[PDB]
file upload_16.cif (mmCIF, C-alpha atoms and all ligand atoms)
data_model
loop_
_atom_site.label_atom_id
_atom_site.label_comp_id
_atom_site.auth_asym_id
_atom_site.auth_seq_id
_atom_site.Cartn_x
_atom_site.Cartn_y
_atom_site.Cartn_z
CA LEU V 35 -83.33 -42.92 -79.10
CA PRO V 36 -86.57 -43.52 -80.96
CA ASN V 37 -89.36 -45.71 -79.62
CA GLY V 38 -90.95 -48.48 -81.67
CA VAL V 39 -87.93 -48.81 -83.99
CA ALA V 40 -85.90 -52.02 -84.08
CA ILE V 41 -82.37 -51.31 -82.81
CA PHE V 42 -79.60 -53.70 -83.84
CA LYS V 43 -76.15 -52.26 -82.98
CA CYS V 44 -74.42 -50.57 -80.08
CA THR V 45 -73.21 -47.06 -80.91
CA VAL V 46 -70.91 -46.12 -78.01
CA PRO V 47 -67.26 -46.99 -78.78
CA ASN V 48 -65.43 -49.83 -76.95
CA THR V 49 -68.72 -51.18 -75.72
CA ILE V 50 -70.38 -54.62 -75.69
CA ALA V 51 -73.83 -55.64 -74.42
CA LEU V 52 -74.23 -59.26 -73.30
CA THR V 53 -78.01 -59.80 -73.25
CA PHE V 54 -80.04 -62.73 -71.93
CA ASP V 55 -83.58 -63.80 -72.86
CA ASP V 56 -86.39 -65.89 -71.33
CA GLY V 57 -85.46 -65.75 -67.63
CA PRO V 58 -85.42 -65.55 -64.72
CA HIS V 59 -84.71 -69.17 -63.96
CA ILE V 60 -82.54 -71.36 -61.78
CA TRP V 61 -79.25 -70.40 -63.45
CA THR V 62 -79.69 -66.61 -63.52
CA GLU V 63 -78.21 -66.06 -60.06
CA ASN V 64 -75.12 -67.93 -61.28
CA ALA V 65 -74.88 -65.74 -64.39
CA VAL V 66 -75.21 -62.47 -62.46
CA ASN V 67 -72.48 -63.52 -60.01
CA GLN V 68 -70.18 -64.26 -62.96
CA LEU V 69 -70.74 -60.83 -64.49
CA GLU V 70 -70.25 -59.01 -61.20
CA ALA V 71 -67.07 -60.95 -60.37
CA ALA V 72 -65.66 -59.59 -63.65
CA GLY V 73 -66.88 -56.03 -63.20
CA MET V 74 -69.47 -56.34 -65.97
CA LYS V 75 -73.19 -55.66 -66.39
CA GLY V 76 -75.79 -57.74 -68.20
CA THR V 77 -79.15 -56.95 -69.83
CA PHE V 78 -81.89 -59.46 -68.99
CA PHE V 79 -85.11 -59.56 -71.01
CA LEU V 80 -87.50 -61.40 -68.69
CA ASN V 81 -90.95 -62.95 -68.96
CA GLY V 82 -93.64 -62.90 -66.30
CA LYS V 83 -94.19 -66.66 -66.53
CA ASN V 84 -92.07 -68.95 -68.72
CA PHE V 85 -89.30 -71.09 -67.19
CA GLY V 86 -89.55 -69.38 -63.82
CA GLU V 87 -91.93 -66.86 -62.30
CA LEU V 88 -90.96 -63.30 -61.33
CA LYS V 89 -92.44 -63.70 -57.85
CA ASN V 90 -89.98 -66.49 -57.03
CA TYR V 91 -86.87 -64.38 -57.69
CA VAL V 92 -87.55 -61.14 -55.81
CA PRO V 93 -84.12 -60.77 -54.11
CA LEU V 94 -82.38 -61.50 -57.41
CA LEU V 95 -84.64 -59.09 -59.28
CA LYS V 96 -83.94 -56.41 -56.69
CA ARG V 97 -80.16 -56.76 -56.99
CA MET V 98 -80.37 -56.79 -60.80
CA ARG V 99 -82.10 -53.40 -60.62
CA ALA V 100 -80.06 -51.91 -57.76
CA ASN V 101 -76.65 -53.08 -59.07
CA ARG V 102 -77.37 -51.40 -62.43
CA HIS V 103 -77.78 -54.38 -64.68
CA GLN V 104 -80.70 -53.72 -67.02
CA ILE V 105 -84.05 -55.49 -66.85
CA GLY V 106 -85.96 -55.34 -70.13
CA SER V 107 -89.35 -56.75 -71.05
CA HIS V 108 -89.74 -60.02 -72.98
CA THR V 109 -93.61 -59.98 -72.58
CA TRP V 110 -95.71 -61.74 -69.94
CA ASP V 111 -95.54 -65.34 -71.20
CA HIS V 112 -93.66 -65.43 -74.56
CA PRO V 113 -96.17 -65.58 -77.44
CA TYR V 114 -95.69 -64.75 -81.09
CA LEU V 115 -96.76 -61.11 -80.94
CA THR V 116 -97.77 -60.97 -84.61
CA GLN V 117 -100.36 -63.69 -83.89
CA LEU V 118 -102.09 -61.44 -81.30
CA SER V 119 -104.45 -58.50 -81.55
CA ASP V 120 -103.11 -55.03 -80.75
CA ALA V 121 -105.01 -55.05 -77.45
CA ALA V 122 -103.59 -58.40 -76.34
CA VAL V 123 -100.10 -57.29 -77.37
CA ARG V 124 -100.48 -54.25 -75.13
CA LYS V 125 -101.70 -56.50 -72.33
CA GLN V 126 -98.70 -58.78 -72.85
CA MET V 127 -96.64 -55.71 -72.02
CA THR V 128 -98.64 -54.07 -69.23
CA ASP V 129 -99.14 -57.42 -67.53
CA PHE V 130 -95.35 -57.68 -67.28
CA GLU V 131 -95.04 -54.07 -66.12
CA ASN V 132 -97.64 -54.56 -63.38
CA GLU V 133 -95.93 -57.62 -61.95
CA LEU V 134 -92.41 -56.08 -61.88
CA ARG V 135 -93.61 -52.80 -60.25
CA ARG V 136 -95.35 -54.84 -57.50
CA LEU V 137 -92.27 -56.91 -56.61
CA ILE V 138 -89.34 -54.53 -57.01
CA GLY V 139 -91.04 -51.23 -57.72
CA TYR V 140 -89.92 -50.54 -61.28
CA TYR V 141 -91.00 -51.42 -64.77
CA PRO V 142 -88.88 -51.29 -67.90
CA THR V 143 -88.86 -49.07 -70.95
CA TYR V 144 -86.82 -51.57 -73.04
CA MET V 145 -88.19 -54.70 -74.67
CA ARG V 146 -87.25 -57.51 -77.01
CA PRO V 147 -90.01 -59.24 -79.02
CA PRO V 148 -90.08 -63.01 -78.48
CA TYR V 149 -88.66 -64.98 -81.43
CA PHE V 150 -87.86 -61.55 -82.96
CA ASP V 151 -91.43 -61.75 -84.31
CA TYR V 152 -92.93 -58.33 -85.01
CA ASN V 153 -94.43 -56.25 -87.80
CA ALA V 154 -95.66 -52.70 -88.28
CA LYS V 155 -98.66 -53.38 -85.97
CA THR V 156 -96.48 -54.68 -83.11
CA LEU V 157 -94.14 -51.68 -83.42
CA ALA V 158 -96.92 -49.02 -83.14
CA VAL V 159 -98.14 -50.67 -79.94
CA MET V 160 -94.53 -50.40 -78.67
CA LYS V 161 -94.29 -46.76 -79.81
CA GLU V 162 -97.58 -45.84 -78.09
CA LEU V 163 -96.23 -47.52 -74.93
CA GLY V 164 -92.91 -45.63 -75.19
CA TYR V 165 -90.64 -48.69 -75.52
CA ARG V 166 -87.20 -49.00 -77.05
CA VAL V 167 -87.25 -52.18 -79.17
CA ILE V 168 -83.98 -54.12 -78.98
CA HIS V 169 -83.08 -56.72 -81.58
CA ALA V 170 -79.54 -58.16 -81.70
CA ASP V 171 -76.68 -58.47 -84.13
CA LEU V 172 -74.68 -61.34 -82.60
CA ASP V 173 -76.76 -64.52 -82.30
CA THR V 174 -74.81 -67.14 -80.37
CA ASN V 175 -77.38 -69.86 -81.33
CA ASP V 176 -76.94 -71.13 -77.76
CA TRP V 177 -80.36 -72.83 -77.81
CA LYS V 178 -78.92 -75.50 -80.11
CA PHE V 179 -76.73 -76.67 -77.16
CA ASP V 180 -73.62 -76.73 -79.39
CA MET V 181 -71.16 -74.98 -77.10
CA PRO V 182 -68.04 -75.15 -79.34
CA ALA V 183 -70.12 -73.75 -82.17
CA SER V 184 -71.62 -71.01 -79.95
CA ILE V 185 -68.26 -69.95 -78.48
CA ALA V 186 -66.79 -69.75 -82.00
CA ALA V 187 -69.71 -67.71 -83.37
CA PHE V 188 -69.18 -65.26 -80.51
CA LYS V 189 -65.47 -64.93 -81.27
CA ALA V 190 -65.97 -64.50 -85.01
CA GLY V 191 -68.70 -61.89 -84.64
CA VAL V 192 -67.73 -59.91 -81.56
CA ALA V 193 -65.58 -57.36 -83.42
CA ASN V 194 -68.50 -55.93 -85.42
CA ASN V 195 -71.59 -56.98 -83.46
CA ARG V 196 -72.07 -55.90 -79.88
CA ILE V 197 -75.66 -56.78 -78.91
CA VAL V 198 -75.08 -60.42 -78.03
CA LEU V 199 -78.11 -62.70 -77.71
CA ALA V 200 -78.05 -65.63 -75.30
CA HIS V 201 -80.62 -67.46 -73.15
CA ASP V 202 -79.69 -67.71 -69.46
CA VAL V 203 -82.42 -70.31 -68.85
CA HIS V 204 -80.13 -73.00 -70.34
CA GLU V 205 -77.55 -74.50 -67.95
CA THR V 206 -74.98 -74.88 -70.72
CA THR V 207 -75.23 -71.19 -71.61
CA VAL V 208 -74.41 -70.16 -68.03
CA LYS V 209 -71.79 -72.79 -67.18
CA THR V 210 -69.92 -72.95 -70.50
CA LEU V 211 -70.79 -70.21 -72.99
CA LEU V 212 -70.86 -67.30 -70.53
CA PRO V 213 -67.37 -67.93 -69.05
CA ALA V 214 -66.01 -68.09 -72.60
CA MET V 215 -67.80 -64.86 -73.50
CA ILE V 216 -66.52 -63.04 -70.39
CA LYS V 217 -62.96 -64.21 -70.97
CA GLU V 218 -62.98 -63.12 -74.61
CA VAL V 219 -64.38 -59.72 -73.62
CA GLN V 220 -61.54 -59.30 -71.11
CA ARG V 221 -58.98 -60.23 -73.76
CA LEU V 222 -60.38 -57.64 -76.17
CA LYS V 223 -60.48 -54.96 -73.41
CA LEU V 224 -64.13 -54.14 -74.19
CA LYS V 225 -66.53 -52.52 -71.69
CA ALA V 226 -69.35 -55.01 -70.99
CA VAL V 227 -72.24 -52.66 -70.23
CA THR V 228 -76.03 -52.68 -70.41
CA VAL V 229 -77.85 -52.27 -73.70
CA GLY V 230 -78.94 -48.75 -72.71
CA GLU V 231 -75.40 -47.70 -71.80
CA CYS V 232 -74.09 -49.21 -75.05
CA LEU V 233 -76.65 -46.99 -76.84
CA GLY V 234 -75.79 -43.82 -74.92
CA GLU V 235 -78.84 -43.86 -72.61
CA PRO V 236 -78.10 -43.89 -68.86
CA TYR V 237 -79.91 -45.56 -65.96
CA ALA V 238 -82.49 -42.80 -65.49
CA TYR V 239 -84.22 -43.83 -68.76
CA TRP V 240 -84.34 -47.62 -68.36
CA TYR V 241 -87.36 -47.66 -66.05
CA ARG V 242 -90.58 -45.90 -65.14
CA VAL V 243 -92.05 -45.85 -61.63
CA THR V 244 -95.36 -43.98 -61.82
CA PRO V 245 -98.12 -46.34 -63.03
CA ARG V 246 -99.70 -45.62 -66.42
ZN ZN I 1 -87.23 -65.58 -76.26
#

call {"tool": "encode", "arguments": {"input": "upload_16.cif", "output": "structure tokens"}}
result
Amino acid sequence: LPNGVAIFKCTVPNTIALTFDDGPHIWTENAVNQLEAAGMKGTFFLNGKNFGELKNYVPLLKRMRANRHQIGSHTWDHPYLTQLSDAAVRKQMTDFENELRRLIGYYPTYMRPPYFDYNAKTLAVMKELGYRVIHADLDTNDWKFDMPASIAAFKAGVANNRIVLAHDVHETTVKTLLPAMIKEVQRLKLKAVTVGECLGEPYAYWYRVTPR
């Protein structure tokens, strides 16, 4: 896998990656329990401070890492990265790294730009930092709070699009959309794995430990 190149699709056959942005927050524990009860893994792109704060979810963050879900970076506090200087972009990343390594010991090598906002200057910062940049190809539009519409968009797009974007900070996403997504995955007999696994990259490459 290349660094600093937007990645849109899974490549490993039979695979699906349910991914979740903007957490952790008060519903994430619920979401993780749902995935584990069904034998599935999730990929969670977290912020340092947004809805919740990393330091308030240490046990959850530890189990996410130890149980082989995938933690990715969603920057420290969710700005439009194209509206920042290259130095502040880098600090949006390393600030997140430094807080995760202090609480659970690891920091990620995968990220998703907030609002999918990035240009050639954002990507070179990501390439210098060694990050895989994960977009998506199935947008559930779950932030509109239209659950019938979201569940239907998932069902219509799941055959060809396997990097599924949701936001686990919204109660409706966790209590309504996610059960519908898990059930449809079970019907289609797909393997709900992490984004790295769905790209052919195993656990040893999702994190770094030694500080920069
Ligand atoms: Zn976001």

call {"tool": "closest_residue", "arguments": {"input": "upload_16.cif", "among": "V:221, V:112, V:178, V:189", "to": "residue V:55", "atoms": "only C-alpha atoms"}}
result
V:112

call {"tool": "residues_near_ligand", "arguments": {"input": "upload_16.cif", "ligand": "ligand ZN 1 (chain I)", "cutoff": "10 Å", "atoms": "only C-alpha atoms and all ligand atoms", "output": "PDB file with C-alpha atoms, in the coordinates of the input"}}
result
ATOM      1  CA  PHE V  54     -80.040 -62.730 -71.930  1.00  0.00           C
ATOM      2  CA  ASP V  55     -83.580 -63.800 -72.860  1.00  0.00           C
ATOM      3  CA  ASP V  56     -86.390 -65.890 -71.330  1.00  0.00           C
ATOM      4  CA  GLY V  57     -85.460 -65.750 -67.630  1.00  0.00           C
ATOM      5  CA  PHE V  79     -85.110 -59.560 -71.010  1.00  0.00           C
ATOM      6  CA  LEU V  80     -87.500 -61.400 -68.690  1.00  0.00           C
ATOM      7  CA  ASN V  81     -90.950 -62.950 -68.960  1.00  0.00           C
ATOM      8  CA  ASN V  84     -92.070 -68.950 -68.720  1.00  0.00           C
ATOM      9  CA  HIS V 108     -89.740 -60.020 -72.980  1.00  0.00           C
ATOM     10  CA  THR V 109     -93.610 -59.980 -72.580  1.00  0.00           C
ATOM     11  CA  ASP V 111     -95.540 -65.340 -71.200  1.00  0.00           C
ATOM     12  CA  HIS V 112     -93.660 -65.430 -74.560  1.00  0.00           C
ATOM     13  CA  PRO V 113     -96.170 -65.580 -77.440  1.00  0.00           C
ATOM     14  CA  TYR V 114     -95.690 -64.750 -81.090  1.00  0.00           C
ATOM     15  CA  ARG V 146     -87.250 -57.510 -77.010  1.00  0.00           C
ATOM     16  CA  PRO V 147     -90.010 -59.240 -79.020  1.00  0.00           C
ATOM     17  CA  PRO V 148     -90.080 -63.010 -78.480  1.00  0.00           C
ATOM     18  CA  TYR V 149     -88.660 -64.980 -81.430  1.00  0.00           C
ATOM     19  CA  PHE V 150     -87.860 -61.550 -82.960  1.00  0.00           C
ATOM     20  CA  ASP V 151     -91.430 -61.750 -84.310  1.00  0.00           C
ATOM     21  CA  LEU V 199     -78.110 -62.700 -77.710  1.00  0.00           C
ATOM     22  CA  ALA V 200     -78.050 -65.630 -75.300  1.00  0.00           C
ATOM     23  CA  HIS V 201     -80.620 -67.460 -73.150  1.00  0.00           C
TER      24      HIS V 201
END

call {"tool": "closest_residue", "arguments": {"input": "upload_16.cif", "among": "V:39, V:134, V:233, V:118", "to": "residue V:83", "atoms": "all atoms listed in the file"}}
result
V:134

call {"tool": "residues_around", "arguments": {"input": "upload_16.cif", "residues": "stretch 157-167 of chain V", "least_positions_apart": "5", "cutoff": "7 Å", "atoms": "all atoms listed in the file", "output": "PyMOL selection string"}}
result
chain V and resi 36-41+120+124+143-146+152

call {"tool": "closest_residue", "arguments": {"input": "upload_16.cif", "among": "V:116, V:62, V:128, V:244", "to": "residue V:93", "atoms": "only C-alpha atoms"}}
result
V:62

call {"tool": "residues_around", "arguments": {"input": "upload_16.cif", "residues": "stretch 202-214 of chain V", "least_positions_apart": "2", "cutoff": "12 Å", "atoms": "only C-alpha atoms", "output": "PyMOL selection string"}}
result
chain V and resi 52-69+71-72+74+76-81+84-86+174-189+198-200+216-221

call {"tool": "closest_residue", "arguments": {"input": "upload_16.cif", "among": "V:47, V:117, V:35, V:107", "to": "residue V:193", "atoms": "all atoms listed in the file"}}
result
V:47

call {"tool": "build_atoms", "arguments": {"input": "upload_16.cif", "residues": "stretch 134-147 of chain V", "atoms": "N, CA and C atoms", "output": "short mmCIF file (atom, residue, chain, number, x, y, z; two decimals), keeping the file's coordinate frame"}}
result
data_model
loop_
_atom_site.label_atom_id
_atom_site.label_comp_id
_atom_site.auth_asym_id
_atom_site.auth_seq_id
_atom_site.Cartn_x
_atom_site.Cartn_y
_atom_site.Cartn_z
N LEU V 134 -93.74 -56.54 -62.34
CA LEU V 134 -92.41 -56.08 -61.88
C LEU V 134 -92.55 -54.93 -60.88
N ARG V 135 -93.44 -53.98 -61.14
CA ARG V 135 -93.61 -52.80 -60.25
C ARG V 135 -94.12 -53.24 -58.87
N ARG V 136 -94.83 -54.36 -58.79
CA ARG V 136 -95.35 -54.84 -57.50
C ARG V 136 -94.24 -55.49 -56.68
N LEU V 137 -93.29 -56.12 -57.35
CA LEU V 137 -92.27 -56.91 -56.61
C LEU V 137 -91.04 -56.08 -56.28
N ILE V 138 -90.59 -55.25 -57.22
CA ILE V 138 -89.34 -54.53 -57.01
C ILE V 138 -89.54 -53.03 -57.16
N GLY V 139 -90.68 -52.62 -57.70
CA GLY V 139 -91.04 -51.23 -57.72
C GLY V 139 -90.87 -50.54 -59.04
N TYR V 140 -90.23 -51.18 -60.01
CA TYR V 140 -89.92 -50.54 -61.28
C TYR V 140 -90.51 -51.35 -62.43
N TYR V 141 -90.73 -50.67 -63.55
CA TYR V 141 -91.00 -51.42 -64.77
C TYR V 141 -90.20 -50.86 -65.93
N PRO V 142 -89.87 -51.69 -66.91
CA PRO V 142 -88.88 -51.29 -67.90
C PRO V 142 -89.47 -50.49 -69.05
N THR V 143 -88.57 -49.79 -69.73
CA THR V 143 -88.86 -49.07 -70.95
C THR V 143 -88.16 -49.69 -72.15
N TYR V 144 -87.47 -50.82 -71.96
CA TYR V 144 -86.82 -51.57 -73.04
C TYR V 144 -87.48 -52.94 -73.19
N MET V 145 -87.65 -53.37 -74.43
CA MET V 145 -88.19 -54.70 -74.67
C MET V 145 -87.51 -55.38 -75.85
N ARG V 146 -87.64 -56.70 -75.87
CA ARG V 146 -87.25 -57.51 -77.01
C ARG V 146 -88.40 -58.43 -77.39
N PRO V 147 -88.88 -58.39 -78.63
CA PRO V 147 -90.01 -59.24 -79.02
C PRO V 147 -89.59 -60.70 -79.00
#
